[PDB]
Every structure is written in structure tokens, then in C-alpha cells.
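quick one: initial chain(s) of a complex, as found there:
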Amino acid sequence: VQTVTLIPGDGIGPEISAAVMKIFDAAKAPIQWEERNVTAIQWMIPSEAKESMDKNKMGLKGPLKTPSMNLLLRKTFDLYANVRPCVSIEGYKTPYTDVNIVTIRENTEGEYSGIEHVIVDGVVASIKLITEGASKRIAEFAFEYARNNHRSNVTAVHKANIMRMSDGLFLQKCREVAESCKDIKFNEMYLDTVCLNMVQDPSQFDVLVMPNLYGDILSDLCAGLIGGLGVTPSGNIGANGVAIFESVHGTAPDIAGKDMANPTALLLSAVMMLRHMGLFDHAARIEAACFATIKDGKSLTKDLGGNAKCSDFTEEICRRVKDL
């Protein structure tokens, strides 16, 4: 038995968070949940939310409405990695059918320091900050996720030919970890090369690491091949073993209290969360059960979209998860 800090959130957030705790009860998931809210106060977070994760080290997060809350949890535990595994979904028909790639998105440094400077009356300068530190760390974490997930090839997206000092140092430490971890295959490829190759044949890709700016854009892009943020898992990792497994889609307030949602992403954020703590067997019975419910093509919800209610899509998974 293990405890997880959970948060309901806005919109369908609570309506889908309980659809997960009901299927994890049906999956025999050794999880006792722990419900905290996190609404911004004063700036910082609720202290009863601040404590809840300092002990649990894991957490499932949902849709949040509108400084940013995603910036707060970032620096609250020094979230230094935004991970996003995008995988093809048989049944869900998208013109990209053979996809299986995990975007690693460094989340600390880059131009996301917000540091801008008016220089004269009409000249604005935004700062891109890059340290050796946050690079070598997102370099080791990438190799540890590749090893601990049977991943074949790890590519470091960059434009070091251009920013010969900025992206060059990023790449310099990308290689230094590769010799000290020749375990997994390692190669490089220019951003624009990846951007073209991504829309021609994504299959040739496997694992990708990049600095923050390229990461935020590549993350939502790679997801766009499979269907959108509603089917996209998401996992942020921070210092001292803390980890967050959010969804990324919008709150969708127009049908929040309607049971007209698709939570599967939040589930695969938990199936991701399951797989982070070594729950392969219990994440293998949940993941393939949700795959088969969509692959059957009967209980899909409206943004997919068939004709059912979020509970029906939730009830069929509970019927297909009670079996092995």
C-alpha cells in the first residue's frame, strides 16, 4: 500500500479524477489516495499541499484554469524535466499511424526566465539562460529513462551549428554522458531536420531531449500526431525523487458537470505514474485494457468521439480491467 497526493482541479478535473480512483480500485492498484487542493494563495501554495508531496513524492494532476501555477510547481521542487510519451492508438484514426516516441523537455532554464529588458523606446530584449548544470542533469535523466524503459535510440535535438555557444554547450554535455553510458544508442540531429523528418516518418524516431523552448513546441507537436492533449500523458520530475504526472488539456468549462469528458490521458498520466514506481504488471493490465476499449470502438466519448458518457467509458474499462 502506498499513498499519493491527488488534486481535483477545475472543469472536468474532479469528474475525471474520480473516474481514475474508481478504475484503480477496479485494477487492484495498491494506492490509497490523498486529496489536496492547491489554489494559489498570497506568492506560494497551500501549506497542506506543500507538505502532502514532500512525503508522498508522487502525484496525479489535472486541468487548471488561469503568474502561472505550472511555473510555481516547477520551482517548488525544481521540476527539471517535462516528459511526454506519445504513442499511436489503433482505432483512433490519425494520418500518423506508426508512432512511438517520448519527448523529454527540460523545464528549468532557457528563455523561460521571463527576464526581458526594454533597451530603448521600442527595443525589447528577452534573455535565454543556459547553464552547464541543468544540461548535464537532464542528460543523465534521459539515459536513466531510456534504460528503465527498454528504449532503443536517444537523439539530442539542437541547433548548435547556429548558437555555437548556447546549443553547443548543451550538445557538449549530451555526448559526455553517452560515452559514460554507451548502454543506449545516441545520435544528434538538427532541429529543422527533426521538424521535417517528424512529419514524413515519425517511426524513425525514438527518444528526444532538447532545451526548454524547443521542448514546449515539440511536446505539443508530437502529441498532435496522435489526437491532441486529451489523449496525451505528461510527467514532470523534480529534485529529491519528487514527480508529478499531470494532464495538459484545457479545463473545458462548457461541459464540466456533464460526464462528457475523456480522461484517458489522465489515466495514462497515472499509467505513467504507475510505471515510474515499478508497477509494470499493474500498469500493463490497465494500459492495454484502455487500448482495447478504444480499439473495440464502442464506448468512446464525444471528443473522440462515439456516443457514450464518461461513466460508460469508465465502466467498460472496469469490466476489461478485472481480467488478466
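Sure, I can see it. Residues are numbered from 1 along each chain as shown, chains lettered A, B, ... in the order given.

every contact and neighbour count from this point should use C-alpha atoms.
Fine.

distance between the strand or helix carrying residue A:23 and the chain's centre?
Taking DSSP states H and E as the definition, one finds residue A:23 inside helix A:13-26. When distances are taken as C-alpha atoms, centre = their mean, to the nearest Å, helix A:13-26 is centred 19 Å away from the chain's centroid.

and residue A:72, what is it in contact with?
Residues near residue A:72 by C-alpha atoms under 8 Å, 6 or more residues apart in numbering: residue A:44.

part of a helix, is it?
Yes: under DSSP: H, G, I helix; E, B strand; the rest coil, residue A:72 falls within a helix.

and the gap between it and residue A:108?
Going from residue A:72 to residue A:108 by C-alpha to C-alpha, to the nearest Å gives 12 Å.

hang on, the earlier thing: packing partners of the helix holding residue A:23?
On a contact count with 3 or more C-alpha pairs under 8 Å, 6 or more residues apart in numbering; DSSP states H and E, helix A:13-26 meets helix A:264-276, helix A:310-321.

measure how the shortest one sits relative to helix A:13-26, angle-wise.
If you take axes from the mean of the first three to the mean of the last three C-alpha atoms, to 10 degrees, helix A:310-321 sits at 20 degrees to helix A:13-26.

which ones are touching the residue nearest the centre of chain A?
The residue lying closest to the centre of chain A (C-alpha atoms, centre = their mean) is residue A:234, at 1.6 Å. Residue A:234 makes contact with A:82-85, A:245-248, A:269, A:272, according to C-alpha under 8 Å, 6+ apart.

out of the residues you listed, which sit inside strands?
A:82-85, A:245-246 (DSSP state E).

would JSON lines of the residues you listed with neighbour count be doable?
Formatted as JSON lines, those follow (neighbours: other C-alpha atoms under 10 Å):
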{"residue": "A:82", "neighbour count": "25"}
{"residue": "A:83", "neighbour count": "25"}
{"residue": "A:84", "neighbour count": "25"}
{"residue": "A:85", "neighbour count": "21"}
{"residue": "A:245", "neighbour count": "28"}
{"residue": "A:246", "neighbour count": "26"}
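
build in chain B:
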Amino acid sequence: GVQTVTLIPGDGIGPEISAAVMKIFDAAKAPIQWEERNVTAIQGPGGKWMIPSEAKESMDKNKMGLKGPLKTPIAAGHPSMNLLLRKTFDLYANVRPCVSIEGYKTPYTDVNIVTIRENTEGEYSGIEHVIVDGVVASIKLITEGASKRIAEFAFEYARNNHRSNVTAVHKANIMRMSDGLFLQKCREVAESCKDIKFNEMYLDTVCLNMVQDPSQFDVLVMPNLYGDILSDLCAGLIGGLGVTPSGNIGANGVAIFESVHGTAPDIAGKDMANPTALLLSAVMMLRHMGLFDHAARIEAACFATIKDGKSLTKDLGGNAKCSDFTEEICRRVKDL
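So, slotting chain B in with the rest:
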């Protein structure tokens, strides 16, 4: 019993008065070795950015060195000599004291000031950046360590030279973050050094009161740019760069003692120069090493020749020569 010092006689009048100093040292029975070196900027594996190694391993063992004046650059592309000396030896603390001269008719009397100048992180770092057409931006940066570094040294000097107070010079009111983090570490050093009084005056306010009455100060501390100008400022009160000594402290016990005055090639080798400026940088070397008994003797006979007024170099208005000036000081350090 004896000690080694890497001597760099330099260009122009430099070597002439470099040997004038080496004579007064033997005239006062000074146990010091002279390892003559030239240090002219040699070309490295790609441009112009390294030094004669023969002068390098000497300093890496001698730890102390005396440098005289040096000339300009062969081409525009060549870098400043004292910049590589900074980066090749980590000379973070830049020292320049100023004491009124009893036998000099300057309209400023009874001053005894020392400047502690920061030497690497700062406006002097070559980083600048053009933005768009006709828009230039310089780069001034300050770091926690080197600020804490130049701090922990300056307090030790006052602890080591029987000084009383210390003033922190800055304009943190305006460049708040930079000078402030400089200042917040300046404060944090006096917290463990309660034996030395400490205060802070704005830089613009220091200049004003420094002009009217100078004696109301002891040792001063500031970052690089403020130093290289306030040191030259305070130099004028003590007779200018030519008659004022200087010091540069590198890591691993490495120190450097130099004069800042020009090399003077329009009077070079004519036996006219005034060696007293660097001669005192040698005395600063004797003070940092430990021969105060030998340092107090030369600084006394150095003052006595100027005080008598019988012999003076032409830069002081007199009609005596460098040899006439060197000999009366030599015959004085003997009468001790």
C-alpha cells in the same frame, strides 16, 4: 636567509631605474634575489594570447615579483599587457596606497590612504554586445565569490597594517542589484571582523569629500572600474601615477608589485628618471613578505632624500640625475 624575486626591468627608463633599485637593496643589506625576465606577449596556438613561459614558472615558484613600466601594443588586435597578467595569475586584489610626501609642495597634506581594487569580474571584462543599428550595450557583472573574495582580503590588510577603519564605496542606490550584492557581502565580512570599524559612503559622495579634506579616510574598497579611476584619482593627491606604487595579489601566495607610471622614452637612458615610484612597490613587497625591519629603513632614507631637498629629479623640478638620486639614497640607507 635569502629570498627570490622575479624582476621585469621592462622598457624605456625601466631597466635603468630597475638597476637603481637593485643597488639600494644591496646598500641596505637586503636578502633578495633578482631573476631578470622579459614578459612580452608571445603568440599562442591561434592568435596572440600567451606569455614567455620562462617568466611564468619563475613566478609560479618565486611567488613575488617586481614589474616596471611597459610600452603599448604592436598592432590594434594585440591585447593589454596587464590583462593577461590578471587572467594568467588571478590578480583579484589591486592595491594602491597614497601617503603625502613631507618634502613635496602639493596643496594637500597629511593624507594616508590605501585603495583596494577588485580585478577580474566587472566592466573591464571585454563583454559588450551590439543590439541593433546604433544601439550599443556594455556588460557589467558581479559574482558572489569574487565579491566575497576581494572583501576577505581587504579586511586582512587593515588587520595586518594596524589600520583602524574601513569604508565601503559604491552606488548601490542606483545599480541596486549589482553593487547591492557586492555590498551585502561587504557587510557579511565585517560581521566576523568586529575588530575593524566599517561604514559605507556613496561613491559620488566619497569623491566630493575626498577633494575638500582627504585625511578623513583610511582604506577604501570598491569594484574594478571605480577602482581604476579612484586609484588614479587618489594618485594625484600623492603626486600622480609616476611617484605612486601599486600592488596586485594573485592566488596561491602569488603577489605582484609594480609602478603604473609610463615608460618615458623621450627621456630614456639619459639618467633623469625618478625611480621612487616603483621603489616603493618593492617596499610593498618587503611589507607583504615580512622585511619591515628592512622596509622601514629604505622608506625612511627614501623620505629623507626628498625631505632634505638637496637632490631631486627633474620631474620633481630638481637638477639632479638618477645616479645622483640613487647614490644619496644609497649613502643614506648605509647611515642607519
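
now with chain B: the contacts of residue A:234?
A:82-85, A:245-248, A:269, A:272 (C-alpha atoms under 8 Å, 6 or more residues apart in numbering or on different chains).

change it to 7 Å
Going by C-alpha atoms under 7 Å, 6 or more residues apart in numbering or on different chains, residue A:234 touches A:83-84, A:245-247, A:269.

distance check, the spatially closest residue to it that is not a sequence neighbour against residue A:106.
Spatial nearest neighbour of residue A:234, excluding adjacent residues (C-alpha to C-alpha, 6 or more residues apart in numbering or on different chains): residue A:84 at 4.9 Å. As judged by C-alpha to C-alpha, residue A:84 and residue A:106 stand 11 Å apart.

what of residue A:18?
30 Å.

hey, what's the residue nearest to residue A:234 bridged with?
Residue A:84 has the following beta-bridge partners by DSSP bridges: residue A:103.

my guess is it contacts residue A:102. True?
Yes: the criterion here is C-alpha atoms under 7 Å, and residue A:84 meets it with residue A:102 at 5.4 Å.

and residue A:189, that's in a strand?
Yes: using three-state DSSP, the secondary structure at residue A:189 is a strand.

tell me how many other residues surround it.
14 (other C-alpha atoms under 10 Å in any protein chain shown).

contacts only, for the residue lying closest to residue A:126 once chain neighbours are set aside.
Nearest non-adjacent residue to residue A:126, counting by C-alpha to C-alpha, 6+ apart: residue A:116, 4.2 Å away. Neighbour list for residue A:116: A:124-127 [criterion: C-alpha under 7 Å, 6+ apart].

do residue A:129 as well
Residue A:129 neighbours (C-alpha under 7 Å, 6+ apart): A:109-111.

and if we set it to 8 Å?
Neighbours of residue A:129 in contact, by C-alpha under 8 Å, 6+ apart: A:109-111, A:113.

with residue A:233 instead?
Per C-alpha under 8 Å, 6+ apart, neighbours of residue A:233: A:84-86, A:245-248, A:265-269, A:272.

go ahead and add chain C:
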Amino acid sequence: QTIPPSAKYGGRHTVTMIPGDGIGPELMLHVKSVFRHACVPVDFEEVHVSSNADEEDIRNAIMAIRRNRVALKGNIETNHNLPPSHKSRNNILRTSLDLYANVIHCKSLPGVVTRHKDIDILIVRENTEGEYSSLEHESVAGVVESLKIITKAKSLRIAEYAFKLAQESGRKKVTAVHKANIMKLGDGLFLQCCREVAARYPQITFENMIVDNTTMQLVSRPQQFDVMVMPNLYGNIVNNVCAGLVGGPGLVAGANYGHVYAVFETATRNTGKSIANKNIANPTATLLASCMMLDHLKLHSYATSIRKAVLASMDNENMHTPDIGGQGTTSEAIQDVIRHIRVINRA
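Let me put chain C in with the others:
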């Protein structure tokens, strides 16, 4: 300066042309041959460009471009960077020419089947102020600062170009691309730069979009886009992606405009140094570059008869080049387009 007027002596406009490195020359000769069969009154001023002597001679090679306000070029291999001091051969030209706007035209091809169909997009971006910042100094070791720059002035000049493009062409939607949600001031400046001109063309609907969701929106329903515009940093992304949607680098015409000068370049900047004189390279982009080069000389009648041809030859499966998934050779394509090219208006 001493600059004269570019003139057209009795018929033939005189256009500057640069062969380049790799695939450049072997294509240009077909473009010549295509024209020469099409009886196009455009004479060509060859100028050897670079990778042979990129020191001072190319510069005498700038002059020909500064003369005739219209040039067409292939590509130049990147400098070794041994100098490592800017010196983008291609870039230098667009600097000393004040070529601020960079324009590509990703259109779907009825003969080139892709994951998505019915696509028509015009991309706009700057060059010397659209971020893509150099500089990047090392404050202390292990710490590097990059300085993306927005200029309000060049932001409106590229903005006005985005809308002067829409009205003359009968477009309907300009969509800004930005990251103002992260750099509130830099990209918000550009955003309010767009909003100002957006009110001067009220007939043209205006919309903004975050660079993130915009990329997602392309691979799903790219037909919604009509005209897109961003600073030069985000372009490399949108360009290469919109390039691969309708095919590959050898199918996108390109163009770098100045306040007066106009240069035509391929949508994808590929040297092709590995496919040297293989009779393989896809011409369909380079040809399309000549198409809009004729459209800029206000000779549409020939650019239209050329354009209908190259779409025409491409639809038969056999003419595709290897780089897009075919089995044919350029010589067959060029001639098949020439076949497709009938004697409109000659003998």
C-alpha cells in the same frame, strides 16, 4: 551611391542568376532550357557565387544583383566556419541587400499524395530582427546568455508585408505566431505590432496563435491556415514542418524580398552535395521559384503556363524524384514538363 536603374532593353528583362554548389548548377541549366523552350523574354546573367573563392570576389558578384532588382539562386555550401565569424555566404547577401522578408509557399500537389491534402499556406518572417540572435556571451564558465531581439520598427515592416501580401492576392486570414505567454514583452511587442496594422486592413480577418498549439494545428487540420507570420526564430520550425506536410524540401518555392530588391530561393535549403550530378535532384521546387519570379516581373501569363505544366508533369507517378519517393530522373521530368508545355500564344 552610383546605382543606376535596372532596365529592360527591348523585350528581355535581364535577371541575375547564381548557380551555387552541388545541385545548383545542374538544375539551373534546365530552368534555362525550360525558359528557352517557353520563349520567355528573360535573359540570364550568370555569376559564379561561392565555395570557390568566398573572400572578396563574390562581392563583385553582389553587384550584378544590386543592378537588376530580381535574381534567382540555388544554394551555397555553408562556410567551414573556420572563420566562425558570421559570414553566411547566403546571409551576407541578404544583409548588404536589406532583404528583410522571407517568404515560402507550401501548396499541395495533386500528384504528390501526402498525409493531408488541399493545403495552401504563405509563410512570412524577418531575418535581422526576427530573433535568431547571435551574441551569446559567457558571463562565467558554465553559464551562457542568449539575447533574442525584437525591434518595433522591423516588426511593423514585416507586419505590413504580411497584409500587403493578403490584399493583392485575395487572401482572407493572417495568423500571427508567437510565444507572448512566456516572453510577455518581446512577443507581445510583436503582437501589438501586428494589432496596429491589423486595424488598417479590416476586411482581412486577423488572429493570433501560440507557437505550440500552432504546430499541433498543422499536423491535424492545416487547411485552416491561409497566411502565417512570425519572427525568424520560429520559422525554421514552421517552415520545415509545413515543408514536409505537402512533400519535401524539393517542392517549396522560396523568396527573400527587400524594400526594393527581390531574390527567389528554394523552400528547403539543402546543398545536395551528396547527390552531385546524379540526374536525380527534384526540380519542382527550383522550377516553382522561377514561377513566382515571373509573377514578380508581372509576366503571370508565362508563370501561369509554367505552373499548370509542372503540376501537370508531376501527377504521372513515374516522374517523381527519389527524394519524394519516385523512380525517375530529372531529364525525363524536365522534358515531360516541356511536353506538358504547349506552344501557347510561336512555333
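
once more on the contacts of residue A:129, with chain C this time?
Here residue A:129 is in contact with A:109-111, A:113, C:143-146 (C-alpha under 8 Å, 6+ apart).

following the longest strand anywhere in chain C, which helix or strand shows up next?
Ranked by number of residues, the top strand in chain C under DSSP E is strand C:143-151. Toward the C-terminus, strand C:143-151 is succeeded by helix C:152-169 as the next helix or strand (DSSP H and E).

just the angle between that following helix and strand A:123-131, please?
Going by the same axes, to 10 degrees, helix C:152-169 makes 110 degrees with strand A:123-131.

surely residue A:62 touches residue A:11?
No: counting by C-alpha atoms under 8 Å, residue A:62 stays clear of residue A:11, with 9.3 Å between them.

and those two? which has more neighbours close in?
For residue A:62 and residue A:11, the more surrounded residue by other C-alpha under 10 Å is residue A:62, and the numbers stand at 26 against 22.

re the thing from before, return the member of the contacts of residue A:129 nearest to residue C:45.
Using C-alpha to C-alpha, residue C:146 comes nearest to residue C:45 of the contacts of residue A:129, at 40.8 Å.

right, and the closest one touches residue C:134 too?
Yes: between residue C:146 and residue C:134 a contact is recorded at 7.4 Å, counting by C-alpha under 8 Å.

ok, back up a step: can you say which of the contacts of residue A:129 are buried?
Buried members of the contacts of residue A:129, scored by 16 or more other C-alpha atoms under 10 Å in any protein chain shown, are A:109-111, C:143-146.

still on that earlier bit, need the CA coordinates for the longest strand of chain C. PDB is fine.
The C-alpha coordinates for strand C:143-151 follow below in PDB (Å, rounded to 0.1, in the frame of the first residue of the first chain):
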ATOM      1  CA  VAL C 143      26.800  30.000 -17.900                       C
ATOM      2  CA  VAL C 144      25.700  31.300 -21.300                       C
ATOM      3  CA  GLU C 145      23.300  34.100 -22.100                       C
ATOM      4  CA  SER C 146      21.500  34.500 -25.400                       C
ATOM      5  CA  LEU C 147      19.800  37.700 -26.400                       C
ATOM      6  CA  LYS C 148      16.800  37.400 -28.700                       C
ATOM      7  CA  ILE C 149      16.000  40.900 -30.100                       C
ATOM      8  CA  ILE C 150      12.700  42.400 -31.200                       C
ATOM      9  CA  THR C 151      12.700  45.800 -33.000                       C
END
